[PDB]
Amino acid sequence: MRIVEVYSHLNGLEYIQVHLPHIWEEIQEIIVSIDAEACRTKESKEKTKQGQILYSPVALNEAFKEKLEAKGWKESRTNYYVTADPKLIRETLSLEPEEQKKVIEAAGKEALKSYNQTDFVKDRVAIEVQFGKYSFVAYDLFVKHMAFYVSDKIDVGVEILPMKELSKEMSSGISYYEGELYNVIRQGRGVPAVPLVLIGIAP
């Protein structure tokens, strides 16, 4: 595939270039190596795209996983408990999972187990190949990368999205670089307050 567009939020790319120049190579190489055409297997079933052959997010994901894991990118998961009272949540943010549930219940409140996953993380960098309903991009950007960033676990979040010419050939509901780029640019240029690298591949 080919890196058609690349945007650097709050110097997210320049950070990689200066401290992990090899990672930048790695990421680019990995992208260029995937044969998107080999991933064109999904037969749309929507009434509007009847009998059409689109690129498969499932295939494209398998392609990225295999390649990325092979390079050392491992998954990271954060478990936590949430409750209805905001002040209780604030008092449990620094504690450990088991410990949070404890302080919550120790107040007659209910403790709900949740978590956040990210299949690719390395040297404090988080990669998100995002081919799902477009709302996940804002979720990835304002919730996840930001979560890791403030938690001092990541130093820059990377979000890979398909350009409009690629999403134009995947099932409905999927986001496209151009648009998401807007969602970030639209609101000044310090929001979200997390270094990022939006990459918009698209062969």
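When you see a residue number, it is the position in the sequence shown, counting from 1.
For the pair 95-103 and 129-137, the record assigns the higher mean C-alpha temperature factor to 95-103. Mean CA temperature factor is higher for 49-57 when stretches 49-57 and 154-162 are set side by side in the entry. The entry lists a Cα temperature factor for residue 1 that places it in the middle third of the chain's modelled residues. Ranked by Cα temperature factor within the chain, residue 201 sits in the middle third according to the deposited record. The PDB entry assigns residue 81 a C-alpha temperature factor belonging to the lowest third of its chain's modelled residues. Sort the chain's modelled residues by C-alpha temperature factor and residue 32 lands in the highest third, per the entry. Placement of the Cα temperature factor of residue 143 within the chain: lowest third of the modelled residues, per the deposited record.
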